Amino acid sequence: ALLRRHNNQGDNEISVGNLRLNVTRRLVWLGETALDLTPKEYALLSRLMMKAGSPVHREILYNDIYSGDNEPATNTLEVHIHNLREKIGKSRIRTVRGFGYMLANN
DNA sequence: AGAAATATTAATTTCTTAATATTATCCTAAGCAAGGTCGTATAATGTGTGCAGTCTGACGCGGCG
C-alpha cells in the first residue's frame with residue numbers, strides 16, 4: 001500500500017498504451033494477454049512505468065534491481081533491458097545515452 | 001512429515017564482437033570587434049618642480065689657509 005501511494009501515485013494499475021501493470025498483483029498485461037517476466041525485468045518495467053515518460057537514471061535502475069550486497073562486475077542492466085525489449089517490443093523502451101532509459105508514452 | 005539430499009527448468013552474469021547508432025573532437029576557413037600606426041600644413045619658438053622651513057650631530061673630507 002505504501003509503495004503504491006507514493007510512487008504509483010495511489011493507483012493500483014499503470015496504463016501506458018497496451019501495457020497494463022497491476023503492481024499489487026505483480027501482473028503485466030501486453031494488450032490482453034499475460035507475459036512471463038523474470039524478477040529483474042519486472043522490477044525494471046515497474047520503475048519505468050511508474051515514472052512514466054520521464055527518463056530514469058542508469059544508477060537508479062542499477063540500485064533498484066541490484067541489492068547493495070550482490071553487485072556484479074559486468075554489463076547486466078543493458079542485457080536486462082534487451083530482454084525486456086524482446087518480451088515487450090523495441091518501440092516501448094527508448095534509449096537515452098548517458099542518462100539511462102525511458103518508457104515512451106507518446 | 002520434516003527435513004535432506006538430489007535433478008531439472010530457469011533466471012542471470014559474463015564476455016565478445018560487431019555493431020550501431022549517437023555523439024563529440026578537430027581544424028581550418030572565415031568574420032568581426034579590438035588594438036596599433038599614420039596623417040593632418042594660419043600661425044604658433046625656453047621652466048616649472050611652484051618650492052622652503054635651517055633637526056642633527058658629529059664627522060668625513062676637501063680644502064684652506
Side-chain angles (χ1 to χ4, degrees):
Chain A
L2 289 186
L3 203 106
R4 163 197 86 220
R5 159 81 34 208
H6 172 52
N7 311 89
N8 209 8
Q9 293 177 335
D11 224 28
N12 289 337
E13 293 177 350
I14 341 193
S15 283
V16 65
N18 63 7
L19 277 296
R20 174 191 30 110
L21 191 73
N22 290 318
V23 289
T24 299
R25 313 275 165 269
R26 291 193 297 274
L27 294 174
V28 65
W29 311 68
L30 171 63
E32 291 46 50
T33 55
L35 301 146
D36 204 288
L37 281 193
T38 62
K40 287 329 171 76
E41 296 144 7
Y42 170 71
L44 294 174
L45 182 43
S46 175
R47 213 70 170 81
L48 285 156
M49 294 177 71
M50 271 175 217
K51 294 272 211 63
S54 296
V56 298
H57 201 73
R58 160 162 311 280
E59 293 293 328
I60 302 180
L61 292 203
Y62 185 42
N63 296 115
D64 209 330
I65 62 170
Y66 269 111
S67 66
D69 62 358
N70 188 359
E71 301 272 279
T74 65
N75 63 347
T76 325
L77 188 147
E78 311 155 7
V79 191
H80 285 331
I81 301 299
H82 162 258
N83 304 323
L84 182 63
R85 252 189 219 117
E86 182 65 26
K87 294 181 176 67
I88 301 299
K90 64 152 171 303
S91 57
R92 313 330 281 270
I93 298 304
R94 184 151 321 121
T95 187
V96 176
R97 274 211 170 60
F99 183 76
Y101 301 94
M102 182 179 72
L103 181 63
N105 274 77
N106 324 297

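In what follows, chains are A, B, ... by sequence order, proteins preceding strands, each numbered from 1. FYI, side chains are in, hydrogens and waters are out, and symmetry mates aren't considered; it's all heavy atoms of this structure.
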- Message: For nucleotides 21-26 of chain B, give me one character per nucleotide, 5' to 3': B if any protein heavy atom sits under 4.0 Å from the base, S if the only such contacts are to the sugar-phosphate, - if neither.
- Response: BS----
- Item | North or south sugar at B:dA34 (positive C1'-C2'-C3'-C4' torsion counts as north) | south
- Adjacent-base stacking, B:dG46/B:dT47, criteria 5.5 angstrom and 30 degrees: no
- Item | Stacked pair B:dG53-B:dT54 by ring centres under 5.5 Å and planes under 30° | no
- Mark yes when both conditions hold for B:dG60 and B:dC61 (six-membered ring centres under 5.5 angstrom, interplanar angle under 30 degrees), and no otherwise. yes
- Task: Represent DNA chain B in dot-bracket notation, 5' to 3'. Only Watson-Crick or G-U wobble pairs with both distances under 3.5 Å count; pseudoknot-style crossings use [ ] and interstrand partners use |.
- Result: .................................................................
- Task: Classify the sugar of B:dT56 as north or south, using the sign of the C1'-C2'-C3'-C4' torsion: positive means north, negative means south.
- Result: south
- Message: My understanding is that only residues two or more places apart in sequence, or in another chain, count here; which of them pass side chain to side chain donor-acceptor pair (under 3.5 Å) with A:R4?
- Response: A:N12
- Message: Checking A:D69 now: which residues fulfil side chain to side chain donor-acceptor pair (under 3.5 Å) with it, not counting sequence neighbours?
- Response: A:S67
- Message: Suppose we screen for salt bridge (charged side-chain N to carboxylate O under 4.0 Å, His left out). Which residues come up paired with A:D64, at least two apart in sequence or across chains?
- Response: A:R47
- Pairs touching residues 66-86 of chain A that satisfy ring-ring contact (aromatic ring centres under 6.0 Å, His included), sequence neighbours left out: A:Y62-A:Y66
- Could you work out the separation of B:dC27 and B:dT23 based on their P atoms and round it to a whole Å? 22 Å
- side chain to side chain contact (heavy atoms under 4.5 Å, CB included) filter on A:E86, not counting sequence neighbours, yields none
- Message: Would you measure the distance from the P atom in B:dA4 across to the matching atom in B:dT8 and give it in whole Å?
- Response: 23 Å
- Task: Could you tell me if B:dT56 and B:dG57 pass the stacking criterion of ring centres under 5.5 Å and planes under 30°?
- Result: yes
- Task: Could you note down all residue pairs passing salt bridge (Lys or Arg N to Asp or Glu O under 4.0 Å) where residues 5-19 of chain A supplies at least one of them, sequence neighbours left out?
- Result: none
- Query: Minimum heavy-atom separation for A:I93 to A:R85, with atom names?
  - Reply: O-NE, 2.8 Å
- Message: Would you say CD of A:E71 has more than 12 non-hydrogen atoms from neighbouring residues, nucleotides or ligands within 6.0 angstrom?
- Response: yes
Distance-only donor-acceptor pairs under 3.5 Å for side chains of residues 95-106 of chain A, two or more places apart:
{"unit_1": "A:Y101", "atom_1": "OH", "unit_2": "A:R58", "atom_2": "NH2", "d": "2.6"}
{"unit_1": "A:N105", "atom_1": "OD1", "unit_2": "A:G53", "atom_2": "N", "d": "3.0"}

- Message: According to side chain to side chain donor-acceptor pair (under 3.5 Å), who are the partners of A:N18, at least two apart in sequence or on a separate chain?
- Response: A:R92
Determine all donor-acceptor pairs shorter than 3.5 Å in which one atom belongs to a side chain in residues 22-38 of chain A; sequence neighbours excluded.
{"unit_1": "A:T33", "atom_1": "OG1", "unit_2": "A:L30", "atom_2": "O", "d": "3.0"}
{"unit_1": "A:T38", "atom_1": "OG1", "unit_2": "A:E41", "atom_2": "OE1", "d": "2.7"}
{"unit_1": "A:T38", "atom_1": "OG1", "unit_2": "A:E41", "atom_2": "OE2", "d": "3.2"}

- Item | Per-nucleotide protein contact string for nucleotides 8-19 of chain B (B base, S sugar-phosphate only, - none; heavy atom under 4.0 Å) | ---SSSBBB---
